Amino acid sequence: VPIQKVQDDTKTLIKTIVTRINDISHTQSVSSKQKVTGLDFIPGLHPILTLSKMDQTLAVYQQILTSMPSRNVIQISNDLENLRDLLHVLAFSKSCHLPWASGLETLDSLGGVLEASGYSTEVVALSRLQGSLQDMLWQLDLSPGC
Amino acid sequence: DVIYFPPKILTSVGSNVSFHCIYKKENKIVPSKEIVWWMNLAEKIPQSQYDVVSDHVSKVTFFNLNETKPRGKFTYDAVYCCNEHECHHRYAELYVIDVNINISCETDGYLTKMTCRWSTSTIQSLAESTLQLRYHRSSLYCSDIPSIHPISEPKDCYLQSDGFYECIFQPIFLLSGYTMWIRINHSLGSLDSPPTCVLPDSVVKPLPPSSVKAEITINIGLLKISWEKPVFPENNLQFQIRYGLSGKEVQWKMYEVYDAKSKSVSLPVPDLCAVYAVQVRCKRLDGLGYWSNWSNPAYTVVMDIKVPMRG
Amino acid sequence: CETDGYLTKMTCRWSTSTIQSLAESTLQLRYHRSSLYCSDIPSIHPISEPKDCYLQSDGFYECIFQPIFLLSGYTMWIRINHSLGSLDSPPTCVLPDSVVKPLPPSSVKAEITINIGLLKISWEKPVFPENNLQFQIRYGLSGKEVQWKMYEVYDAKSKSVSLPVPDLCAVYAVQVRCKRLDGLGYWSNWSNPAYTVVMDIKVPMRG
Ligand SMILES: *[C@@H]1O[C@H](CO[C@@H]2O[C@@H](C)[C@@H](O)[C@@H](O)[C@@H]2O)[C@@H](O[C@@H]2O[C@H](CO)[C@@H](O)[C@H](O)[C@H]2NC(C)=O)[C@H](O)[C@H]1NC(C)=O
Ligand SMILES: *[C@@H]1O[C@H](CO)[C@@H](O)[C@H](O)[C@H]1NC(C)=O
Ligand SMILES: *[C@@H]1O[C@H](CO)[C@@H](O)[C@H](O)[C@H]1NC(C)=O
Ligand SMILES: *[C@@H]1O[C@H](CO)[C@@H](O)[C@H](O)[C@H]1NC(C)=O
Ligand SMILES: *[C@@H]1O[C@H](CO)[C@@H](O)[C@H](O)[C@H]1NC(C)=O
Ligand SMILES: *[C@@H]1O[C@H](CO)[C@@H](O)[C@H](O)[C@H]1NC(C)=O
C-alpha cells in the first residue's frame, strides 16, 4: 500500500477519534491542559517530538482507558490500537525500528486514584486525550522525524 | 489534602445550599483570600457568591439551583475549590431532586371508591429511589394548609400496563379531608412533595344518564327528547345535548340546558324525516366534578309529519 | 455488507436461494482478522473463528458484528458440512471503512431568492465520515406525480447551491443524498423533503 494512503487513513482515523470524543456529554467545555495535581501520570502538557515517546503516550492512554467498561471507551481503545498499528507501519516505512513498549509499571496508585476521583479520573483524561489528538494531527502536518 | 464539608447534600428544586472547603498544598495552608470555585470543572462560579468564615476556610452558596440531568453512569454534579490554577482531584457531590408530582384522584358516582393515579415520568433524574404515598385523614373537610401534619400512615399502590401507579381508596367518607402527598425516599434521606387536599364531594363523577329517546313531533315540527335523571348525585345540575344526522361521520352541534328540574326541551330542525343520533352529558352547575361519559345513541323514526302544501 | 452510519456496527448476510436445492448440509460462518489490511495475494488461512448468528424471516442469514475496528480487514467465508465431509467457500476480504453508509443530510432548506429569480438550497453535511463527500440533489414541482431532475455537486466545501427554474409560482420539493467522494461506499438515504413558500419575488412585469 502507498505511504500516502496510509497517511490519509491515519488522518481520517484521527479526525474520527476526535469527533467521537467530542460526542461525549461529559466533555462539553473542559479545555485540554488543566493543572490537576493528583493527575500527573496522564500524558499531556509538554509536547511530543519523537516516535518512541509518542508510542509510549499511546500505550499509557490505552492502559488508562482499559480500566473503564463503557462501550464508547472500548471503541476508542480499539481505534487507538489501530492508530498504534498504523504508526508502527509508518515508522517501519522510514527505516526506523520502533520496539513495542508497554505502559508504566507503577500505575497501581491509579486504581486508588480512581476510588478517590473516578469521575475526574475519566473526564480530564478524556479531555487530555482529545488535546493530544489535536496535536496528533498537527504532529503529522510537519513531517516528524524518527 | 483538601477537605470538604458537608460531603453529601440532598435538596429539592428551588432551595439554597452552602458548601465549605479547606485547602492545603506544599506543606502549607493556602489563605482563604485566593480560593475560587468550579462547577463540574466546566463553568466558573462568580466571585459574588463567595464567603469567608475563617482565616483559611472558604464558603460558597448556590442560588435557584437547577435539575441535575444524568450523564452516563454518573448522576450527580461535582463542586471543586482551589487556588489560582492548580486544583485537587477531590470533589463534593450535589444531588437535586424534582419533588413536585401531580397526583389525580377521582370519586366514583356510587360515592364508595376513589380511583387515584399518578405518573412517574419525572423520576428520570435519579432512579433507584423509593416512592411512597402518605395521606392524612381529617374528620373536617380540608381547608387552608397550616403546616405539615406530623401524624402519617402509609398505603401501597400497584403498577398497571400504562406505567402510571394506581391505587383505590375504599371505604371513603363524604365530608372528610384526605390530605395526601408523595415522598421520595433514598439511601441519603428523604424528601416530601407539596401536599394536596381533595374534597370527596368536589371531584365526584356523575353516572351517565341512560334510556335517552328522541322523536320528531307530529304537526309541531319540533324535536322531543325524553329520558330520566341519573340517581347520583341528587343535587341540582345542568344537562348538555349533542345531536346530528346519523352516519359514518356526523356534524354535531352543542346545546345546553341549565334547569335541573327541566325534563325535556323542544327545538325545530330544517329537515323533516332524518335519522338522528342524540347524546346527553350531565354536570353540576358550579364547575365542581368531572364530565360524565356519553350515553347510548338514540334514534328516531321516518314517517310523514304534516299535509303537503304542494302536491 | 456495510457499517452503520454512526460507525458502531457492521452487519451482513449471504444467499441460500439457489443453495436450497442442495439441502441436508449444515452451514456456518468463519471469520479471520488481519492486522491492518485484508490482503493483496490471498492464501488459505489455517486459523479461523466461527461466528454464531441467527436467521431472518425473508430467508437471509442476518449476522451482526459488534464491536468492530475501522481499519482492520476481515476475511470471511462459509463452511458447508455434509455427512461425508466438508468444503469451504471462496474467502472474501472486507474493510469496514470502505463499506460505510453515511447518514442522510440534516436541516435541508429551500427558498426562492429575492430579486434574483433563482431557487437556492442549503444543507449540512453528516458528522460521519470525516472524508470528502459528494452530493446529489433531486427536485421537482410538488404534486401527486413529479417529474424531478437530478443534479450533482463535486465540491466538498460547498453547502449551498442555486439553480434556475422555469416557473416561479409553484411549490417545489427538494431532496439530497450524499456519498463518499472516492466511491468506496454505498449511497445514503434521501434527506427530509423540504417545501418552499409561495411569495412575491420581483416587481410586476406588465400592467
Ligand atoms: C434562596 O435564596 C433566595 C434569595 O435570592 C437572593 O438573595 C439575596 C442574596 C439577594 O441577592 C436577593 O435579591 C436574591 O433574591 C430567596 O429568595 C428570596 O427569599 C426571601 C426570604 O424569604 C423572600 O423574602 C424573597 O421574596 C425571595 N425572593 C423572591 C424573588 O421571591 C429564596 O426564598 C431562598 N430559598 C428558600 C427555599 O428559602
Ligand atoms: C436553570 O436553567 C434555566 C433555563 O433557562 C436558566 O435560565 C437558569 O439560569 C438556570 N439556573 C442556573 C442556576 O444556572
Ligand atoms: C424510607 O427511608 C427511611 C429512612 O429514613 C427508611 O427507614 C424506610 O424504611 C424507607 N422506606 C422504604 C424502604 O419503603
Ligand atoms: C369517559 O371519559 C373519560 C375522560 O374523557 C375517559 O378517560 C374514559 O375512558 C371514558 N369512558 C369510557 C368507557 O370510554
Ligand atoms: C460434518 O458433518 C458430520 C455429519 O455426519 C458431523 O458428524 C461432523 O461433526 C461435521 N463436521 C464439523 C466440523 O462440524
Ligand atoms: C433508510 O431508508 C430505508 C428504506 O428502504 C429504511 O428502511 C431505513 O430505516 C432508512 N434509514 C434511515 C437511517 O433513515
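Residues numbered from 1 in each chain as written, not as in the entry; some residues may be left out. Chains lettered and ligands numbered in written order. Part of a larger assembly, values for the part shown. Heavy atoms only, no water.

- Looking at the entry header, you'll see cryo-EM listed as the method and 3.77 Å as the resolution.

### A word on the interface of chain A and chain B
- Across the boundary between the two partners, chain A contributes 15 residues, which contact 17 residues of chain B.
- Around 1,500 Å² of area is buried between chain A and chain B when both sides are counted, 61% of it from carbon and sulfur atoms.
- When residues of chain A are sorted by the area they lose upon contact with chain B, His26(A), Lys35(A) and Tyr119(A) head the list and together hold 41% of the total.
- Put simply, chain A and chain B have zero salt bridges between them.
- Here chain A and chain B share six residue pairs in polar contact between them.
- For the side of chain A that touches chain B, the per-class residue count stands at six nonpolar, seven polar and two charged. (Contact = heavy atoms within 4.5 Å. Buried area = accessible area lost by both parts, 1.4 Å probe. Salt bridge = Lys/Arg side-chain N within 4 Å of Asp/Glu carboxyl O. Polar contact = N/O pair within 3.5 Å; in protein donor to acceptor, adjacent residues only side chain to side chain. Nonpolar A, V, L, I, M, F, W, Y, C, P; charged D, E, K, R; others polar.)

### Quick notes on the nonpolar core
- Counting residues in hydrophobic clusters, the biggest one holds 78 residues, and the most contacted among them are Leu65(A), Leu80(A), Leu129(A), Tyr4(B), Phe19(B), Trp37(B) and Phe62(B).
- Among the elements that make up this core, the one with the highest residue count is helix 4 (residues 108-139) of chain A (10 residues).
- Leave out the neighbours within four places in its chain, and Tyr4(B) touches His20(B), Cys21(B), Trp37(B), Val79(B), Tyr80(B), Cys81(B), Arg90(B), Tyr91(B) and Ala92(B).
- Counting 19 residues, the second largest nonpolar core, distinct from the first, contains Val212(B), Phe239(B), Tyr243(B) and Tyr276(B). (Core = buried A, V, L, I, M, F, W, Y, C linked by side-chain atoms within 4.5 Å. Buried < 20%, exposed > 50% of the residue type's maximum accessible area, 1.4 Å probe, protein only. Helix = DSSP H or I, 4+ residues; strand = E, 2+ residues; numbered from the N terminus.)

### Observations regarding helix 2 (residues 51-66) of chain A
Residues and elements named next belong to chain A.
- The end-to-end C-alpha separation of helix 2 is 22 Å, in line with the 22 Å expected for 16 residues at 1.5 Å each.
- Taken together, the buried positions of helix 2 are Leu 51, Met 54, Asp 55, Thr 57, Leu 58, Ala 59, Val 60, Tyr 61, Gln 62, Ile 64 and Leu 65.
- Tucked inside the fold, the buried residues of helix 2 contact helix 3 (71-93) and helix 4.
- Looking at where helix 2 begins, the residue whose side-chain oxygen comes 3.5 Å from the main-chain nitrogen of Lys 53 is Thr 50. (Expected span 1.5 Å × (residues − 1).)

### Description of the site of ligand 1
Residue and element names in this part refer to chain B.
- Taken together, the neighbourhood of ligand 1 is formed by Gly 14, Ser 15, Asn 16 and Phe 63.
- Contacts to ligand 1 include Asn 16, whose side-chain N or O atom sits 2.4 Å from an oxygen atom.
- In isolation ligand 1 has 740 Å² of accessible area, and contact with the protein removes 17% of it.
- Tallied by class, residues from the shell around ligand 1 come to one nonpolar, three polar and no charged. (Near = heavy atom within 4 Å. Areas by Shrake-Rupley, 256 points an atom, 1.4 Å probe, with all protein chains shown as cover.)

### Details of the environment of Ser83(C)
All names here are of chain C.
- For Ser 83, the location among the structural elements is in the loop between strand 6 (74-82) and strand 7 (85-88).
- The sequence separation of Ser 83 and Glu 24 amounts to 59 residues, and the corresponding C-alpha distance is 8.5 Å.
- A distance of 3.2 Å separates the side chain of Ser 83 from the side chain of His 82, its partner in a polar contact.

### Notes on the interface of chain A and chain C
- On the side of chain C, 17 residues touch chain A, which itself brings 20 residues to the contact.
- In total, chain A and chain C occlude about 1,700 Å² of area from one another, counting both sides; carbon and sulfur atoms represent 55% of this.
- Along the contact surface separating chain A from chain C lie zero salt bridges.
- The interface formed by chain A and chain C holds five residue pairs in polar contact in total.
- At the level of secondary structure, the elements contributing two or more residues to the side of chain A that touches chain C comprise helix 1 (3-22) and helix 3 of chain A.

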